[PDB]
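Below is one structure, written out as structure tokens; the observations come after it.
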Amino acid sequence: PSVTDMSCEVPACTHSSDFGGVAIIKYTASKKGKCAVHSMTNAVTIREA
Amino acid sequence: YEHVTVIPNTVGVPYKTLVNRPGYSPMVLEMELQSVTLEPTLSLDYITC
């Protein structure tokens, strides 16, 4: 599947040693399926695969 | 979480305060004063009749 329009909002952040951030992303998809996620920076690490 | 406030010495008037903690929704408290009493320390000297 493909996704065409998205935006980002960040309601909370605390730079602790644990997972202290949450983010919400909107998307529009052409059809049902699975997709992978990945960060493009080195200072931020993401739990979900 | 520790919070400190100051209230004037007036009976029969409600007051409100705001508690703000990062990462959580705000909370509002309401307080009202009903009575204040003073009591001295006494010592007897003599009596008359």
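First to last, the sequence lines map onto chains B and D.
Going by PDB author numbering, the first sequence opens with residue 294, and the numbers climb by one from there.
Going by PDB author numbering, the second sequence opens with residue 1, and the numbers climb by one from there.
For every residue, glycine included, the Cβ atom is placed at its ideal position computed from N, Cα and C.
Under the three-pair Cβ rule at 8 Å, the segment 316 to 336 of chain B counts as touching the segment 300 to 307 of chain B. In the structure shown, the three-state DSSP call for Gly-314/B is strand. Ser-35/D has its alpha-carbon roughly 33 Å from the corresponding atom of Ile-47/D.
Residues of the same chain with a CB within less than 8 Å of the CB of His-331/B, apart from the 5 flanking positions on each side, are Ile-339 in chain order. Per the coordinates, the alpha-carbon of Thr-297/B lies some 7 Å from the alpha-carbon of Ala-322/B. As DSSP reads the structure, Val-28/D sits in a beta bridge with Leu-18/D. When secondary structure is reduced to three states using DSSP, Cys-301/B falls in the strand class.
For the pair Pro-40/D and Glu-32/D, the Cα-to-Cα distance works out to about 26 Å.
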